[PDB]
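If you read the sequences in order, they're chains A, L and H.
Residues are numbered in the authors' numbering as their position in the first sequence, beginning at 1, plus a constant of 411.
Letter by letter, the second sequence follows residues 1 to 27, 27A to 27D, 28 to 214 of the authors' numbering.
Letter by letter, the third sequence follows residues 1 to 52, 52A, 53 to 82, 82A to 82C, 83 to 100, 100A to 100E, 101 to 216 of the authors' numbering.
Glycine included, each C-beta is placed from N, C-alpha and C at the ideal position.
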Amino acid sequence: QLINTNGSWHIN
Amino acid sequence: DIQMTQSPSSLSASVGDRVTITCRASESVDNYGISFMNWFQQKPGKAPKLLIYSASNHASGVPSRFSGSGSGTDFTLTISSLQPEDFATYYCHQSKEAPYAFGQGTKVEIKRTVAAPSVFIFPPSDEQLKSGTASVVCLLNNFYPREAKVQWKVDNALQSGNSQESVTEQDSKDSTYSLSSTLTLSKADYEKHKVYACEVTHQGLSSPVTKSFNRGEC
Amino acid sequence: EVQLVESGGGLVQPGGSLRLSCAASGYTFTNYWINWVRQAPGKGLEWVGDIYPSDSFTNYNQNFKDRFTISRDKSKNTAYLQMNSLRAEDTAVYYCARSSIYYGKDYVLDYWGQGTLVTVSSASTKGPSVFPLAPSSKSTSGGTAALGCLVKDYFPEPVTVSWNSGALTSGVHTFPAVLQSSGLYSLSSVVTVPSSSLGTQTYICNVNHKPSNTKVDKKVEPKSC
């Protein structure tokens, strides 16, 4: 449920 | 930049041994309760294979003997029972923040009992002699350890700067190595000498083994 | 099912440009980052960079910025690595690997391509010369015999060596190629067989050097001296 779309991990 | 250093850079261990490889990151790889440190195994001539991810998770199709541990800056990979197939370079890798990086790697070699080489000499091919070159090949087959001295002698004169060695990777079954040395001379240089010998020195041999022939397509 | 196939490698002149391609298949292409990793012969792995296929978001290794360009073609399921003004230093095996946009099972560098060798050299494509390494140099018969093929004077790497069209693999040792003072590569492929099979078996080494379009099927038969 964590995503990396910018070269880092974020909650989404 | 998050960078890592692995320890040791190299190791030699026996089948059945517990092997421990460490990885230190310059900064923490922790985020959202996950430790973004992964382990890859790279076999010779093959792309690296995912073993362990997020410090302790097991990739599918990876044996039980491989396990991982750690948090923040310090990580460990353990092979519980070293198998002969486990010969590889092992890399830690960070997936927390770009730039992603790998450690320098740790070469794991498998320690076996001493094995002497089997020596074979090959005269130059008749068709090579038509192209004006002469390559004499020496083969040292299935030996342990890797350290082996191969000296070329031409009419008993110790050769220098005209030979090339190549060592095979450790066998995944019997853990032995193999080597080929190639004495290369001109057809003219080859045509002035009779005896072409390959003298082999290895721990497994009581004294040097000598494989030779006398020039000619006899 | 899932496969990444690198392409567009091979020999390139120094100062020249190369466009490497990573053909992806068997998954939703926009759901996995494509990473480019290089490996200099006999050295460690180096992260070059990555591309997010949905918006073309790209991350680079500071050393590769402005010379290396990672792009994509969503329609062709291919990520690209443009490498310009190449130096001898750049000579390496270039891999591509996918990494999930979502954290989950085997998310990180799950699948890799086979890699492509990029050789940055002014030298030309030279095809090999395959010479047989016949069994029994001077003394005939025994228990176990060795024979082989000498793959000589080719450029660049690689070369593939097979025995009896893949049928013979046991006891085969295809030595890593070594670079001669001449700048040309050379290797030998060897095989240990029981001496009692020499009178019956026909041994052929299948040599392929794709760079020079060279395919050689040479026979290895015994000789007296």
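{"Asked": "Cβ-based neighbour list, L/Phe36, same chain, cut-off 7 Å, excluding 5 preceding and 5 following", "Found": "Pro44, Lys45, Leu46, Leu47, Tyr87 and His89"}
{"Asked": "Span separating the alpha-carbon of H/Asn204 from that of H/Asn62", "Found": "35 Å"}
{"Asked": "Separation of H/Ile69 from H/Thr165, as counted between CA atoms", "Found": "35 Å"}
{"Asked": "Length at least 3, wholly inside the stretch 38 to 64 of chain L: the beta strand (DSSP E) runs in chain order", "Found": "45 to 49"}
{"Asked": "Residue from H/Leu100E, H/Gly15 and H/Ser17 whose Cα sits closest to the Cα of H/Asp50", "Found": "H/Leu100E"}
{"Asked": "Proximity test, Cβ basis, 8 Å: A/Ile422 and chain H", "Found": "no"}
{"Asked": "Rounded separation between H/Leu11 and H/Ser172 - CA only", "Found": "19 Å"}
{"Asked": "Any C-beta of chain A under 8 Å from that of H/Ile34", "Found": "no"}
{"Asked": "Test item: CB-CB of H/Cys140 and H/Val152 under 8 Å", "Found": "yes"}
{"Asked": "8 Å Cβ cutoff, H/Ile51 in contact with chain A", "Found": "no"}
{"Asked": "Under the three-state DSSP convention, the category H/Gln171 falls into", "Found": "coil"}
{"Asked": "Cβ neighbour criterion (16 or more within 10 Å) applied to H/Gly9", "Found": "buried"}
{"Asked": "Cβ neighbour criterion (16 or more within 10 Å) applied to H/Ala78", "Found": "buried"}
{"Asked": "Separation of H/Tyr100C from H/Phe56, as counted between CA atoms", "Found": "18 Å"}
{"Asked": "Buried/exposed call for H/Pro41, threshold 16 Cβ in 10 Å", "Found": "exposed"}
{"Asked": "Neighbour list for H/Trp154 in chain L, Cβ cutoff strictly below 7 Å", "Found": "None at all; the shortest Cβ gap to chain L is about 15 Å."}
{"Asked": "Closest residue to H/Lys73 among H/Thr28, H/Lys43, H/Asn155 and H/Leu80 (Cα-Cα distance)", "Found": "H/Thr28"}
{"Asked": "Boundaries of the beta strand (DSSP E) in which L/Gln6 is found, first to last residue", "Found": "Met4 to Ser7"}
{"Asked": "Contacting residues, own chain, Cβ-Cβ under 7 Å from L/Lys107 (five flanking each side not counted)", "Found": "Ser12, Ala13 and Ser14"}
{"Asked": "Residue nearest to H/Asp86 in terms of C-alpha spacing, selected from H/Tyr176, H/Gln13 and H/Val207", "Found": "H/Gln13"}
{"Asked": "CA-to-CA distance, L/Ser202 to L/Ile117, given in whole angstroms", "Found": "20 Å"}
{"Asked": "Whole beta strand (DSSP E) elements within the stretch 106 to 172 of chain L, 3-residue minimum", "Found": "114 to 118, 129 to 139, 144 to 150 and 159 to 163"}
{"Asked": "Buried or exposed (CB count within 10 angstroms, at least 16 for buried), L/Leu136", "Found": "buried"}
{"Asked": "Extent of the continuous alpha helix (DSSP H) to which residue 254 of chain H belongs", "Found": "Any answer about residue 254 of chain H is impossible in this case: the structure gives chain H only from 1 up to 216."}
{"Asked": "Segment limits, beta strand (DSSP E) that includes L/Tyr192", "Found": "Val191 to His198"}
{"Asked": "Integer Cβ distance of H/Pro119 from H/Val142, believed to fall under 8 Å", "Found": "5 Å"}
{"Asked": "Sheet register partners of H/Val150 (DSSP bridge)", "Found": "According to DSSP, H/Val150 bridges with nothing at all."}
{"Asked": "Cβ-based neighbour list, L/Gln100, same chain, cut-off 7 Å, excluding 5 preceding and 5 following", "Found": "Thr5, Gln6 and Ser9"}
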